[PDB]
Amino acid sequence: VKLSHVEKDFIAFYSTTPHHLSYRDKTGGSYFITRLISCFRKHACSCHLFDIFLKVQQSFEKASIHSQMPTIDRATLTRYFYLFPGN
């Protein structure tokens, strides 16, 4: 028998802020997904999950005519989540 939190170790990353639209590439790919993959492939080797998410958000920082801002939500991680790709 042991005690446990009901809800813990969650993190959510939404493609947009509440009440707002999400956009796709001329080719049809989601900007959110495309940049998420790009930042993971480049930075998973040396950065934990939150820093990767932050880099994704930074890539949307400059406003354009179809802006969106990915949003970290309901985050209850208590440690850094390193993926250690290749191990």
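From 1 onward, residues are counted along the sequence shown.
> Comparing 60 to 68 with 10 to 18, which has the greater mean CA B-factor as deposited?
Comparing 60 to 68 with 10 to 18, the higher mean C-alpha B-factor belongs to 60 to 68.
> Quick check on the deposited entry: does the C-alpha B-factor of residue 74 sit in the lowest, middle or highest third of its chain?
Lowest third of the chain for residue 74's C-alpha B-factor.
> Splitting the chain's C-alpha B-factors into thirds, which one does residue 44 fall into?
Its C-alpha B-factor belongs to the highest third of this chain's values.
> What third of the chain does residue 26 rank in for C-alpha temperature factor, lowest, middle or highest?
As the PDB entry reports it, the C-alpha B-factor of residue 26 lands in the highest third of its chain.
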